[PDB]
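J.: Input: one structure, supplied below.
Please treat every number below as a calculation from the coordinates, not as lab data. A quick note on method: Cβ atoms are made from the backbone with ideal geometry, for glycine too, and the neighbour counts reach across all protein chains shown.
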Ligand SMILES: Nc1ncnc2c1ncn2[C@@H]1O[C@H](COP(=O)(O)OP(=O)(O)OP(O)(O)=S)[C@@H](O)[C@H]1O
Ligand SMILES: [Mg+2]
């Protein structure tokens, strides 16, 4: 502001910095609007990468991508763009393989410091996950891909944050694009299957982002998940309880204790936790409400035990083994 | 004599200055002009020699001397300079207006004001102004606002009243209470005083017509009072007698009595509305008041009304509650017809969304409120005053919410809830003027509701997070709500101070159709970033546009006169908009803050040397003393 | 030097001290003798001397025949009354229960003196009849006074009123509580001797119980009476907790709150009604938090006054503090008074709203001033005459190191371990609980 007001020439640099900041938060719309305004796009290579991360996040698949660029965002963007504008899997595989080849040549080029190096390796990882889900043929491989995502989560919980955020955002883009593009999928993979897998991958990423204490990314994920519920109820899926519990978790992690408690109680009151995919046991929900009500002192410790803890032990139904009963 | 001297002297002076004789013998005119001048000189001598033992205090005697003496020497117009006669007279009229034992009545003061403020002359600077200190402005702000609530006032008088109200708000940060009241119960309690009955209210309303009327209206009022007082004297009605002895002064109480005669047949001269769609014609109140008053001939106070309700303009709206109460109280033990008719029509009148019917709906709500304060005969508690009419209090709450009376709406909503033992409570809570009331309302939880609470709360980054999430998720899914999201974001980013980000969010948007939130947001940002080339709309109800036009004109101008003219136009327009009426509290306080900003601008434009610069700085410091604890939006 | 510069702030202390206790009395007597010798204060010390003597004489004078509880007797028929009127006519002073602000310019001439007394004086119900005098001052205002005699201790009440006023003054330094004018209403207690005092009769209030007991039968003629509820709750006072709670539920199912009418019948204008109801809620919140932090007890209906001009409650009789109330035979185990009628005066939003947000702002400003509250209680710790336990005299009058423990409890109520939201939730849960309200003393009218 102080440089726009004084007609200073540094404001351009300021704008550049701002774009960077706003792309490290997850606010993609604000950075997009900051991008179009700028008309001298001469910002060494920070602007080059920022012009395609935002396009991939907002799913703007009509940018003319430069050719022979040393940027990972351009490579990943070209792969996903070609996934959008294509009617056969062979074109998409060819674009993915060209991306892997170019990334390896750039890694071999030599003088790269550690951040650029780790960005290129994360681009390789994103292209590999894309190539993995493009090549599924039946349900068993879908479930095996999901299990692979879980083991990689085991590694991710303690890893560096830049690598994890980059891989997880590219995985979100991959799963959403695969769910949208019906002609790229195999024969026996309906749209309910692709939707369900997308939802599970998102919930997994939400766990991973919660441990890193990345508030804005859990907010983005829970919003983008809540937007999928109308299109999920028409495919025959019942995923309202898990998605509303993710929203309640986002609320609780931003400090809204009473709103989170009210949301969980609404899930428990009007929802059929039995007949629904992405299961949700009633005893873990009840114990979650009980824990949050005890932390907020919202009810007397004699009603907490009568409404939430003893009903939970009764919902276990004599089962005294496992992690649900342990919790 | 004070009011008569003021009125007569003013009229004489105006007649002395005016000189247009075409069908009058040009010598006949000089004759009458000399005659008038000598009457003026004689009357001024008599007034200077006047001294009464009936003056309440010596303050009243000095006020009388000052009023008469200054009025004897005023010009054809009025000004606000320091030391002239017109300004001393204006200051005396205003200072007297706000008091408890005042000399001038409403007609005399209206005449003098219309003579002074009709063509005004606002001083360029404020060191020559008759009100120049923050203390005089805090003292006289209420009366100066009461003054500029007419229609015979020039533009320069509204600019001067704007300067005074702005200095008062910039020095105190408090709204004059005339702008905050929403019901008329204070008028109804000022009239029906002494005993607190509707008869005294009607008698005050009729008595005020004898002094403030044209020959016809004063004749109708004197006739009505003559019949009333004579019938109260003959029939020995003690209630009505006690009403008259407290509503009328003794000289009028004596001149209304046909003691040795009989009431003449020239005085007593006599002259659907109980359904829907009747609430929309501008004479609903008059027709309904006549219809009701005709149904109770035994009450003398209602028998003489139709000849005044039909002729005098604006009398039925002032007298409607008293008439309704008198009729309902009369037929309490008899067959209750007016109650049945009114309570059957209210079911249709209260559910009436319309622009032409809003001003009669306000009158219906004020009538219900007024009946809530009148004791039922034979009641145990105030909970039986719900039997005057039969109102559905949820419908009345909704209706009062439509009219912009939110505390009245909250009272009705509470009465409704008592009658039972939440879609209207939200609209009430969002707009009522209390920081904590909104949080008492319970609603179903979600990220959207938390966002709503954060945007009501005017939070900074905390609402920016939730709004950025929504906005991204709506841009990605090609949803149509993103526009609204963008709108919200702009608002958020203009409540933080990040003007560059909101500017960039503004240009992107290409359908600028965002009620009035976008109108104000397009000029706050331009003023903060100092972008002085926007084409500002003309005749806009937005404070940001007004302030922007003042500063823009300050940029594109080579002489101080153009800037002063633009500032004065801004003050005038802001005052007219404050007088327009239906504004809730946030818009009201925004307009007052616009007045304060224009006044500070006009103050620094008029400095001439270093000492005034330092005095302006010291003024800023004292205002800081008030600001430290004031509301945050205003500050 | 304090008594010479500001006489209306030190000379009553000197008088009470004169007229290790023997050494204190001797020293105060020497100061008094020196005060009645210098030029600045010589028309002021004799006035206070003679006037206090006659006020004390009038306080101690009880006659069951000449003073009937509830009457209104002209104060000229007893010899004490006539001596009092004459002595007060000859010696002009400011009303002893008027709160005088300290003057930096040392000029106490603008203070209203007592012009005359109203001819009659009311009488309240008791053994030693407390008499309510009225004094018409020079500026033409009426200052009423309770001339309280007997065996009470008003120094406890005076000390605690001073402490509460100091803490409420601390509240003005924070944006959230100053923006809402959160604070308490004060009154003036003036102990004359160890058995008598002058209490300021708060101007235009009405006791909470004296509004609530007639209103309950005016608005619900089919409910139980206040006396029937009190007796029904007092009969089951020596029974198990189950029976006490059952009797309490049975009583409160036939007793509905009526407090919401206090505002609909003193303020019929909606603008004024809303403002006054908000004043009531805010002052109740402030005194609830402030009396939780200082353990304030004995909060029955006769110690809470409703100001029917501004809406806001006044708490008097503040002497049972620092948790002395849960030591009684039937303990007071609630943090503050939040019965169904106190909460009914707040509207559709019973608690969630103004009362809860104001509780949180008060408690948040209090635990950011824990150093200053520690300083105030420390000044209390060096007061030889303040008793930190409730002496069995008053303990029998209530229900038909101690400094270190008390200040430690106060210091751990101001601990930032829990959040303000959770603390207030817990307090409002235990103040409105039926299992806590059912086992309170029957004179603490909890059914109400
Ligand atoms: N300082 C005061 N200002 C105004 N009213 C007061 C004041 N002190 C007491 N009152 C009221 O006037 C009456 C005087 O009460 P007292 O008889 O002195 O003591 P009490 O509290 O009534 O007796 P107990 O022990 O509480 S039953 C009561 O109704 C009080 O509510
Ligand atoms: Mg008491």
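J.: Could you give the C-alpha radius of gyration of the range C:169-291 expressed as a fraction of 2.2 N^0.38 Å, taking N as the number of residues it contains? Can you show the working numbers first?
T.: Values: Rg = 19.5 Å, N = 123, 2.2 N^0.38 = 13.7 Å.
It is 1.42.
J.: Right, here's the next one. Would you kindly work out the equivalent ellipsoid of the range B:357-516 from its C-alpha gyration tensor and give its semi-axes, the square roots of five times the eigenvalues, largest first in whole Å?
T.: 43, 17, 13
J.: Got a sec? How would C:315, A:3 order by Cβ neighbour count within 10 Å, fewest to most? Provide the component values of the computation, followed by the final result.
T.: Working: C:315 24, A:3 15.
Listed from fewest to most nearby Cβ atoms, that is A:3, C:315.
J.: Would you kindly calculate the mean projected area, averaged across all directions, of the convex hull enclosing the Cα atoms of the range B:156-231, in square nanometres? Walk me through the intermediate numbers first.
T.: Values: hull surface 32.6 nm².
Averaged projected area of the range B:156-231's Cα convex hull equals 8.1 nm².
J.: Once you have the Kirkwood Rh of the range C:57-160 from its Cα pairs, apply Stokes-Einstein at 20 °C and 1.002 mPa s and quote D in µm²/s.
T.: Values: Rh = 15.1 Å.
Diffusion coefficient, whole number: 142 µm²/s.
J.: Name the shape class, rounded, prolate or oblate, that the alpha-carbon gyration tensor gives for the range B:588-635, where a ≥ b ≥ c are the square roots of its eigenvalues, rounded holds for a/c under 1.5, and otherwise prolate holds if a/b is larger than b/c and oblate otherwise.
T.: Values: a/c = 5.14, a/b = 1.55, b/c = 3.31.
It is oblate, given that a/c is not under 1.5 and a/b is not larger than b/c.
J.: While we're looking at this one, here's another question. First obtain the Kirkwood hydrodynamic radius of the protein assembly as shown from its Cα pairs, then insert it into the Stokes-Einstein equation at 25 °C and 0.890 mPa s, and state the resulting D in µm² per second as a whole number.
T.: Details: Rh = 38.8 Å.
Diffusion coefficient, whole number: 63 µm²/s.
J.: For chain B, would you read off the P(r) tail past 47 Å as a percentage of all alpha carbon pairs?
T.: Values: 59419 of 201295 pairs.
I get 30 percent for the Cα pairs in chain B exceeding 47 Å.
J.: Mind computing the radius of gyration and Dmax over the alpha-carbon atoms of chain C? Å is fine for both.
T.: Cα radius of gyration and Dmax of chain C are 23.1, 71 Å respectively.
J.: In addition: Where does chain A land at 222 nm, in deg cm²/dmol rounded to the nearest 500, when only DSSP H runs of n ≥ 4 count, each adding -39500 (n - 2.57), divided by all residues? Numbers along the way, then the final one.
T.: Values: 18 runs with 228 residues, N = 327.
Taken over chain A, the calculation gives -22000 deg cm²/dmol.
J.: While we're on this one: With each run of n ≥ 4 DSSP H residues scored as -39500 (n - 2.57), what mean residue ellipticity at 222 nm is computed for chain B after dividing by its residue count and rounding to the nearest 500 deg cm²/dmol? Could you put the intermediate results ahead of the total?
T.: Working: 30 runs with 396 residues, N = 635.
The helix-only estimate for chain B comes to -20000 deg cm²/dmol at 222 nm.
J.: Return an integer: the convex hull volume of the alpha-carbon atoms of the range C:217-259, in Å³ per residue.
T.: Numbers: hull volume 2.8 nm³, N = 43.
Cα-based convex hull of the range C:217-259, divided per residue, equals 64 Å³.
J.: Can you give the angle from 0 to 90° between the axis of helix A:257-269 and the longest principal axis of chain A, with both taken from C-alpha atoms, to the nearest 10?
T.: Helix A:257-269 sits at roughly 60 degrees to that axis.
J.: What order do you get for C:15, A:155 when you list them from fewest to most C-beta neighbours inside 10 Å?
T.: Details: C:15 21, A:155 9.
With the fewest neighbours first, C:15, A:155 line up as A:155, C:15.
J.: Just the Kirkwood number for the range A:216-308, please: inverse of mean 1/r across all distinct Cα pairs, in Å, one decimal. Display every interim value, and only then the final one.
T.: Details: mean 1/r = 0.0719 Å⁻¹.
Kirkwood radius, the range A:216-308: 13.9 Å.
J.: Scattering from the C-alpha atoms of the range B:180-282 alone, worked out with Debye: what is log10 I(q)/I(0) at q = 0.12, 0.22, 0.23, 0.24 1/Å?
T.: After summing over all Cα pairs, the log10 values are -0.52, -1.16, -1.21, -1.26.
J.: Can I ask one more? Could you put C:265, C:332, B:455 in order, starting from the residue whose Cβ has the fewest other Cβ atoms within 10 Å?
T.: Numbers: C:265 13, C:332 23, B:455 17.
Neighbour counts put them in this order, fewest first: C:265, B:455, C:332.
J.: Now, a different point. Report the normalised scattering of the range B:438-572 as log10 I(q)/I(0) at q = 0.19 Å⁻¹, calculated by the Debye formula with identical scatterers on the alpha carbons.
T.: The calculated log intensity ratios at q = 0.19 Å⁻¹ are -1.09.
J.: Mind jotting down the distance between the C-alpha centroids of the range C:64-132 and the range B:1-79, whole Å?
T.: Centre-to-centre (Cα) distance: 57 Å.
J.: Stick to the Cα atoms of the range C:1-85, pair each with every other, and give me the Kirkwood hydrodynamic radius in Å at one decimal.
T.: Numbers: mean 1/r = 0.0675 Å⁻¹.
Every distinct Cα pair counted, the radius reaches 14.8 Å.
J.: For the range B:569-635 and the range B:379-406, compute the distance between their C-alpha centroids and round to whole Å.
T.: With the range B:569-635 and the range B:379-406 each reduced to a Cα centre, they are spaced 39 Å.
J.: While we're looking at this one, here's another question. Cα convex hull of the range B:68-200: mean projected area in nm², to one decimal?
T.: Values: hull surface 37.1 nm².
Hull-based average projected area comes out at 9.3 nm².
J.: Still on this structure, please answer the following. Report P(r) for the range B:105-159: all Cα-Cα distances, bin width 5 Å, range 0 to the bin holding the largest distance, values in whole percent.
T.: Each 5 Å bin holds this share of Cα pairs: 4, 18, 24, 27, 18, 7, 1.
J.: So, one more: Return one number: the angle in degrees, 0 to 90 and rounded to the nearest 10, between the long axis of the Cα atoms of helix A:46-58 and the longest principal axis of the Cα atoms of chain A.
T.: 40
J.: Just to confirm my numbers, what's the Cα centroid distance between the range C:277-303 and the range C:16-32 in Å?
T.: Going from one Cα centre to the other spans 37 Å.
J.: Right, another one. Measure nothing but the geometry: give the 0 to 90° angle between the long axis through the Cα atoms of A:215-226 and the longest principal axis through the Cα atoms of chain A, rounded to 10°.
T.: On a 0 to 90 degree scale, this one is about 70.
J.: Here's a follow-up. In whole angstrom, how long is each semi-axis of the equivalent ellipsoid of the range A:17-81, when you take the square root of 5 times every eigenvalue of its Cα gyration tensor and sort them from largest down? All intermediate terms of the calculation are to be shown ahead of the outcome.
T.: Details: eigenvalues 61, 38, 23 Å².
Three semi-axes, in Å: 17, 14, 11.
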